[PDB]
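Survey of secondary and tertiary structure
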Amino acid sequence: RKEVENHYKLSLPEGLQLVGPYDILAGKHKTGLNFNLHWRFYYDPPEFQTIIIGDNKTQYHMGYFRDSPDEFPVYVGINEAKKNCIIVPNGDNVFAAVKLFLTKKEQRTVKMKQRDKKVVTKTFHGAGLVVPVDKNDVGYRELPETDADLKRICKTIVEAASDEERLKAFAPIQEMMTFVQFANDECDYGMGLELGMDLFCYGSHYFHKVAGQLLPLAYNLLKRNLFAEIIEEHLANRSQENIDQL
Amino acid sequence: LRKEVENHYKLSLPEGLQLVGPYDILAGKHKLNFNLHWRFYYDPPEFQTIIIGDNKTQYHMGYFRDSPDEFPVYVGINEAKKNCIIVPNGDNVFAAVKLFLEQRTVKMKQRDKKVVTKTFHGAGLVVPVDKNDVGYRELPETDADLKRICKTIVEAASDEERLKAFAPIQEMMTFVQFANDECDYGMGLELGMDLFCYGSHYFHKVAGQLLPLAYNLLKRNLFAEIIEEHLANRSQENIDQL
Amino acid sequence: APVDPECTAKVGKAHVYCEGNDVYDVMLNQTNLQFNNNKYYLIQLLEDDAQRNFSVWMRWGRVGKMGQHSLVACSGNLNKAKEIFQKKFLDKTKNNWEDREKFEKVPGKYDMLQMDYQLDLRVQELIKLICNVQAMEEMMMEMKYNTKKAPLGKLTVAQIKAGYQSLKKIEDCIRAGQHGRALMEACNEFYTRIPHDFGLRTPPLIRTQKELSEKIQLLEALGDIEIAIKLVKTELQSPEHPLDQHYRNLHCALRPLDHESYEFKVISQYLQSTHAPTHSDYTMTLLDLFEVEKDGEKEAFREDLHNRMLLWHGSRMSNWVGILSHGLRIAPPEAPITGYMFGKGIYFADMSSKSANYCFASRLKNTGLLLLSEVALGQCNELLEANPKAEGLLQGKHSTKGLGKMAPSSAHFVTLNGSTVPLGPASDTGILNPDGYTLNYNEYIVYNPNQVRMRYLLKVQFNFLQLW
Amino acid sequence: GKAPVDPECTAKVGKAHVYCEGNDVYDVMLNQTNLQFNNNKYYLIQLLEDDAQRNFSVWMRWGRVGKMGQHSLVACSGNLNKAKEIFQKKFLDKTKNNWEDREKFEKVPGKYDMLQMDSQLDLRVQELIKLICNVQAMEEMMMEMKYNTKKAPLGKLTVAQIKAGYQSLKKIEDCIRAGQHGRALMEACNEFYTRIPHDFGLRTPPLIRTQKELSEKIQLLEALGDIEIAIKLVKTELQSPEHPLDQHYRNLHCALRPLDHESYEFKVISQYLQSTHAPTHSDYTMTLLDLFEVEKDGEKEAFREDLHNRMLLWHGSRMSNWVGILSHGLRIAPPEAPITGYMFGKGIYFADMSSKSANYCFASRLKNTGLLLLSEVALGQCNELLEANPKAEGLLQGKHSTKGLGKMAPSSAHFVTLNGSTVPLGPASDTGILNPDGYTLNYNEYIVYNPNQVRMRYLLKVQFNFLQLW
DNA sequence: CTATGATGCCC
DNA sequence: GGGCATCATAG
DNA sequence: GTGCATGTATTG
DNA sequence: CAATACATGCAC
């Protein structure tokens, strides 16, 4: 086990194809190889570590989801990367995940119910953000914009017919970034976590640097540097073909 | 000795206050218009007052017959100084005096099952009709707007405005004539009863043109005589012994 | 094309927009007795006369009660106005506006409706009495704001026919004795087609024949209003006396008769002898008697039939001009047969005062008209009790008589031009009824119009008496 | 303020005027809300008489606050008495009050509430005033806080309404200080939302439950007050101005001097600029385009020069609001405004890292020009603060300023001097403050209470330079 | 929202 | 007796 | 299969 | 009623 988890730099708990760490378990890893990119799809956030690929038409996939690089997976998540950005839970163990797929062709446990009790906002992926919370709640503040209007902002930015129109539509995002840095000044990092995650989720390249200005920094602020590494190299390589042996 | 009482009255009787009316003959104090005997200003011929109380409100109780040929269907109470409303107050003189000190029987509830309209006094009309319900038709106007018509006619400042304001009543009389042509007499019964209830002298002749005739049509000539003499003598002094 | 007064800022400054057949004006009505809805919605496109600006006027409320309105002006964007108009129309109907002709109402939506938006002094006196257009409008306002039966305005003949169709369905329904759900939908259909105001109360179920019959009389008044306002249309071409063209529209010779003639005397005596005793709140005076000459009836009249009698007919002051233009009309086939107690046809009495009640004379208006017509009863059918199915009961017979208790007896009868005049006084005829009531007075109903020949019109002062 | 006609009466906005008579102007706006049973409604009424024709009318408009609604035009053909009666009747119908005493208004429960409404110069100084005193940009900012950020749904409000807002927020602060979630809290929020207009769409108006949400309300309400004073300041002037921004500068009345790059001051402040750009604000750098000398009258004697611990501290603020500040200086939290919303208590707030306070400038990629202020503040004995505490004012006991102790800050060994002030030159370094009870602030901050303990001295023209975008 | 009313409670 | 203010309902 | 409008509920 | 917005089956 130990060399596998040294290779992925993460702790792993004890017609489909098993991938990710299973590649090493299959010995398929024996061919410069950055396992921080190993099986990371176009829409896989650093919290989500993909372990199974399925239908390539919809890019349906299953993965370990760790909220922080020093913690265990909090669930197995699923997403159809060619279809949408929604991450749907897929059980608390590999047994639960495979039976969910098998029945589909516990998903949310009591500890996961505690995580949902810790879910402060769903942030376009529906899984929620977790921030450590003191008695004065510093660490998070809510965004001044709702989810639908944020989706509207991303919509009007991406459909602008020119770069000047795009940057002009970027102005509420710029002010939202200003308030995010305000929150950073008062240590309310979960706000920038929400904004940067949404910019990641939209998938247009126009948000890569600004989220890359915020979300690694925030993960730097969150002391989650492995995720910062993942997001930098991922923004450099968020691909539609994601096998590390290519 | 009831026979001479009822011969004086021409009606059949069933088997701090002063008793008046037919008990007066029982009292023999008659030693004279008995069709009008103790008939208050708002007492219809259907209502024969038999007990007087407080003269301040002109509270009084009386036997109430729907027709001169039957026994009374109930005993009513009315305050002639207060309103035109006749209030049911028992099934006999004893029940009524106990109430002032059963109000509705199963028979009265059957009369209420035959009650066709309230006619401003609230006691209800019962009219015989055939199998095709001929004998009754509704007025084209509701009671409250009639009350408004009566108020506007009585408050008119001149003869011309009264004659102009009388027009809905005139045409209501025309439709009453139509109903009489088609044997729906109860319409004219209701119209005459409501104008009697209003009490203004401006209708005393014209109701006297329709409502007795209707009773003539209803073969209730005795009540027609009573209302003729009453409209001729509806005074605030009405004791024939004075 | 009249402009709705409710748009006060533009009633003098704008006119309703139309395009050929399709006129951009509409009134919609909805009612649902289950959910106690009674609502209207009129929309009108108004374009200003001076400047090019189109507008939609919308007004909604209880039918009868003038209501909430909206004015959307567009400064000449006719396309915007048409889109908005049709959008609102579909919103309220789910029907396209442009094919307004091929309309089909759908449940849970509004229904459409259709709107209209040298002679002697005595005969001149008669025509001015009956052709008084001011008085006709007075009657119209009296049957729109005094008697709130057709509140919003007028209707067309075909809409009235649709009313008859719904009346037929209601008649069939009640003929099946079921007061259930289909009855509620049919009544809702009725009250949508025919504008009512019930105020707060739930619109009542039409439960007996009586409500049917009053609606029938209402509708007859409506049809009379339609034909009357169409006929009292004044004419140009230098007439110098518009009532003469109104007289042309009558096309019926009406001649004044002297009081001293035998026939005038016997008709006045006839008026007096047949004065019903239970109509004694008024008397009747023969002021004058008019000779009636209606074109085409002479060749049409059924002289062949026996049992010819002279019979009375009274009717309101206003419709005479139509009657003198058209004669009396028989019940329309569409209209339910069962509303007329002895079936359809033309109604005449042998009682002067009973028929005379139908003239609507007044205390202030003491003048009335009575028509006498010669009606050949032929083999008349004797009827004791109301039965609308009398038309099947003829089988070779030609007219029906409803048998009253009091009536003149044939011994006192006189003659006019070889016609039998059933002169009075009324007396008992010795007919009685062993099952139900007995009719007060006889009546005569004919089915063939050709069995009627109008002879004279009676100018009658209905003289009322003391009032208090 | 001035009374315009609401444009919604398009057929009469140009041919008619709102009627006035002295004190009593027949115009009124009512708001009502009831989150318990979901009422959220407005009602404006304006009596309009035509300029040309003698005819009076009442205009009424209704809907959800924020969402423009149905209106009514009731004309009277010049029968003003009936129309005024109608006005008063509708007013009592909605308020249970007589209209004429609108000044002495007392709202009644289960009814609507009222509300109350409203060329010789250097080119660089011209650019600065045009940056701060342009009436167009202030108009655009107000429009942004109504239809871009739906913060002021009905429109503006009065200074006294702002004060009532502060008062109601104080009551809310008292309420939330007792933490009970029953009826009175809901009615107090109703009181707030009636006095302070919001737009919530379909959902029930949420309970304002944390101090952070209160603080957002605080930023909003102060921003509104700032709008009022900003629009009041830019009022035009007659008597031959020829360039209205110069009368705007007269309204500022503050000596402002341009500085050359070759001065010692410019070099050391540029050094300070570069040294104190926080690295976690790496979406941009900061360039010194200009530095302007600040001389606000009267502060010199009023400045607490007697107090030691004198340092030069930043204060950043939006492109627009400086026009108030340059006329009036910085102000502490309003007395009416609750103290508990401000994480280190009320007073005036200053930073020692240029980029943190510089975040409050709201610069943009298209609009790359921003201002930073430096102020000399004699802190005296500082109270050292580990964690946010609005009760900072009580802990002084004779003291004059508080320092909130951040993890990162420049070190006193690296400090320089300017004009007898100790200049805490950067870069930021570890401060070794830790908290075994709660968290530790990222960066130090300084809080002062007496406004006279601050002397604004230079204004920094700062080109906020952002970078690549994808 | 208008708007209009049943109704009822009060000087 | 007259008038306006909860409830209600329809538009 | 995708705009797209419709039908239903709430508030005003 | 107007007018909104939101779950939903239907034509290019």
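Residues numbered from 1 in each chain as written, not as in the entry; some residues may be left out. Chains lettered and ligands numbered in written order. Heavy atoms only, no water. Residues with missing side-chain atoms left out of burial classes, pairs and counts.

**A few points about the overall build of chain B**
For clarity, the cut-off: A run of H or I in DSSP counts as a helix once it spans at least four residues, and a run of E counts as a strand once it spans at least two, with each numbered from the N terminus. Just to be clear, the radius of gyration here is over C-alpha atoms, and the globule rule we use is 2.2 Å times residues to the power 0.38. Exposure classes here rest on a 1.4 Å probe applied to the protein chains alone. A residue is buried below 20% of its type maximum, exposed above 50%, and partly exposed in between. Only four residue types enter the tally: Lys and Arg on the positive side, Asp and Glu on the negative side; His and the chain ends are excluded. Where a charge lies is defined by one atom per residue type: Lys uses NZ, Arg uses CZ, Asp uses CG and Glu uses CD.
Check the secondary structure of chain B and you find 10 helices and five strands. Whereas a compact globule of 242 residues would reach a radius of gyration of roughly 18 Å, chain B reaches 18 Å, a difference of no more than 12%. Dimensions along the principal axes, computed over C-alpha positions, put chain B at roughly 50 × 45 × 30 Å. Residue burial in chain B is summarised as follows: out of 242 residues, 52% are buried. One finds the centroid of the 29 positive side-chain charges in chain B at a distance of 5 Å from the centroid of its 35 negative side-chain charges.

**As for helix α8 (residues 262–273) of chain C**
How we decide: Here, expected helix span is obtained from the residue count minus one, scaled by 1.5 Å.
With 12 residues, α8(C) extends 16 Å from end C-alpha to end C-alpha; this agrees with the ideal 16 Å at 1.5 Å per step. Of all the residues in α8(C), the buried ones are C:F264, C:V266, C:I267, C:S268, C:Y270 and C:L271.

**As for the pairing of strand β4 (residues 74–79) of chain B**
Residue and element names in this part refer to chain B. Stated precisely, the cut-off is as follows: Two strands qualify as a pair provided that DSSP identifies no fewer than 2 bridges between them.
Where burial is concerned, most of β4 is hidden: six out of the six residues are buried. Of the two faces of β4, the one holding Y74, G76 and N78 and the one holding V75, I77 and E79 are both buried throughout. Here six bridges tie strand β3 (residues 59–64) to β4, and the two strands are oriented antiparallel to one another. Across the sheet, the residue bridging to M61 is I77, located in β4.

**As for the nonpolar core**
Worth spelling out the cut-off: The criterion is simple. A nonpolar core is a set of buried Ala, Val, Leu, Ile, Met, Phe, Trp, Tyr and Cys residues joined through side-chain atoms within 4.5 Å. By definition, residues are in contact when any of their heavy atoms lie within 4.5 Å.
Of all hydrophobic cores here, the largest spans 32 residues; its most connected members are D:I132, D:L326, D:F350 and D:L459. The residues touching D:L459, leaving out its near neighbours within four places in the chain, are D:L128, D:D290, D:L291, D:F292, D:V294, D:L326, D:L371, D:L372 and D:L373. Counting residues in each nonpolar core, the second largest holds 30 residues, with C:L231, C:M309, C:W320 and C:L377 among its members.

**Topic: the protein's contact with DNA strand E**
Counted only if it meets this: Any residue with a non-hydrogen atom lying within 4 Å of a molecule or strand is treated as near it. Distance and chemistry together define a polar contact, namely a pair of N or O atoms within 3.5 Å, with one atom able to donate a hydrogen and the other to accept it when in protein, and with adjacent residues in sequence counting only for side-chain atoms on both sides. Three categories are distinguished: nonpolar for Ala, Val, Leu, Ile, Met, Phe, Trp, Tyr, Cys and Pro, charged for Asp, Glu, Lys and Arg, and polar for the others, with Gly belonging to the last.
Around DNA strand E, the surrounding shell consists of C:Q68, D:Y43, D:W62, D:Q70, D:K94 and D:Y112. Close to the protein, within 4 Å, the atoms of DNA strand E belong to sugar or phosphate groups at a rate of 84%. Take D:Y112: an N or O atom from its side chain is 2.3 Å from a phosphate oxygen of DNA strand E. Classifying every residue of the surface near DNA strand E by side-chain character gives three nonpolar, two polar and one charged.

**A short note on the UniProt feature "active site" in chain B**
All names here are of chain B. Stated formally: UniProt positions are given in the numbering used here, feature names are shortened, and annotations may be inferred rather than shown by experiment.
Feature annotation in UniProt places "active site" on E182, given in this structure's numbering. Inspection of the secondary structure puts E182 in the loop between α7 (167–181) and α8 (186–198). Since its relative accessible area comes to 40%, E182 is described here as partly exposed. If sequence neighbours within four positions are ignored, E182 has contacts with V134 and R137.

**Here's the deal with the UniProt feature "active site" in chain D**
All names here are of chain D. UniProt records the feature "active site" at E445, using the numbering of this structure. Its place among the elements puts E445 in strand β21 (residues 445–448). Leaving out residues up to four positions away in the same chain, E445 has contacts with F350, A351, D352, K356, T402, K403 and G404. Engagement of the side chain of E445 in a polar contact is seen with the side chain of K356, the distance being 2.4 Å.

**Let's talk about the packing of α7(B) against α8(B)**
Residue and element names in this part refer to chain B. The criterion, for reference: Think of each axis as a best-fit line through the C-alpha atoms, taken over the contacting stretch in the case of a helix, with angles from 0 to 180 degrees between the N-to-C directions.
Remark: α7 packs on α8, axes separated minimally by 8 Å, with the N-to-C direction vectors making an angle of 150°. Judged by residue contacts, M172, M173, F175, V176 and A179 of α7 engage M187, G188 and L191 from α8. In terms of residue class, the contact of α7 with α8 is built from seven nonpolar, one polar and no charged.

**A closer look at the packing of aromatic side chains**
Here is the rule: The criterion for an aromatic pair is that two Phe, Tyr or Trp rings (for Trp, the six-membered ring) have centres within 6.5 Å, with stacked assigned to planes under 30 degrees apart, edge-to-face to planes over 60 apart and tilted to the rest. Cation placement over rings: the criterion is NZ of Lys or CZ of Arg within 6 Å of the ring centroid and within 35° of the ring normal.
The final tally for this structure, using the stated rule, is 53 aromatic pairs over all chains. Note on B:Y9 and B:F34: the rings are 6.0 Å apart at their centroids and 5° apart in plane angle, and the pair reads as stacked. Both residues of the pair, B:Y9 and B:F34, count as buried. Consider the rings of C:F85 and C:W97, whose centres lie 4.8 Å apart with planes at 70°: the pair is edge-to-face. Of the two residues, C:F85 sits in helix α1 (residues 78–93) while C:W97 sits in the loop between α1 and β8 (111–113), which places them 12 residues apart along the sequence. Overall, the relative accessible area of 1% leaves C:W97 in the buried class. Through a chain of ring-to-ring contacts, the aromatic side chains of D:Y19, D:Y26, D:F56, D:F87, D:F91, D:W99 and D:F105 assemble into a single cluster. B:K147 extends its terminal NZ or CZ atom over the ring of B:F120, reaching a point 3.7 Å from the ring centre. Between the NZ or CZ atom of B:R234 and the centre of the ring of B:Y42, over which it lies, the distance is 5.9 Å.

**A word on the sheet that holds strand β2 (residues 47–52) of chain B**
Residue and element names in this part refer to chain B. The strand order across the open sheet formed by five strands is β1-β2-β3-β4-β5, and the pairing between neighbours is antiparallel. The open sheet has two free edges, formed respectively by β1 (18–19) and β5 (87–88), since each of these has just one partner strand. Sheet analysis places β1 next to β2, joined by two bridges and oriented antiparallel. Considered in β2, the bridge of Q18 is made with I52. Against the sheet, helix α3 (residues 93–100) makes contact with β2, β3 and β4, and its axis sits at roughly 160° relative to β3, the strand it touches most.

**Here we look at the sheet that holds strand β20 (residues 441–443) of chain D**
Residue and element names in this part refer to chain D. With respect to topology, three strands assemble into an open sheet ordered β19-β16-β20, the strand pairing being mixed. On the outer flanks of this sheet lie β19 (428–430) and β20, each paired with one strand and no other. Sheet twist, expressed as the mean angle between neighbouring strand axes with direction ignored, is 30°. Summarising the sheet, strand β16 (residues 406–410) and β19 pair through three bridges and their orientation is antiparallel.

**Re the pairing of strand β6 (residues 56–63) of chain D**
All names here are of chain D. Most of β6 sits out of view: six of its eight residues are buried. Here eight bridges tie strand β5 (residues 39–50) to β6, and the two strands are oriented antiparallel to one another. Among the inter-strand pairings, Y42 is bridged to a residue of β6, identified as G63. Hairpin connection between β5 and β6: a loop of five residues separates the two successive antiparallel strands.

**Section: the interface of chain B and chain C**
Put simply, the test is: Buried surface area refers to the total accessible area, computed with a probe of radius 1.4 Å, that the two partners give up upon joining, counted for both partners together. The salt bridge criterion pairs a side-chain nitrogen of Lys or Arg with a carboxyl oxygen of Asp or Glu, the two atoms within 4 Å.
At the junction of the two partners, chain B supplies 30 residues and chain C supplies 21 residues. Summed over both sides, the interface of chain B with chain C buries roughly 2300 Å², with 58% coming from carbon and sulfur. Area buried by chain B at its contact with chain C is led by B:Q170, B:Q177 and B:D181, which between them contribute 24% of it. Summed over the shared surface of chain B and chain C, the result is one salt bridge. Across the salt bridge formed by C:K210 and B:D184, the nearest N and O atoms sit 2.9 Å from each other. When residues of the side of chain B that touches chain C are traced back to their parent elements, those giving at least two are α6 (159–165), α7 and α9 (204–217) of chain B. In terms of residue count, α7(B) provides more of the side of chain B that touches chain C than any other element does, eight residues in total. Looking at the side of chain B that touches chain C residue by residue, the class counts come to 13 nonpolar, nine polar and eight charged.

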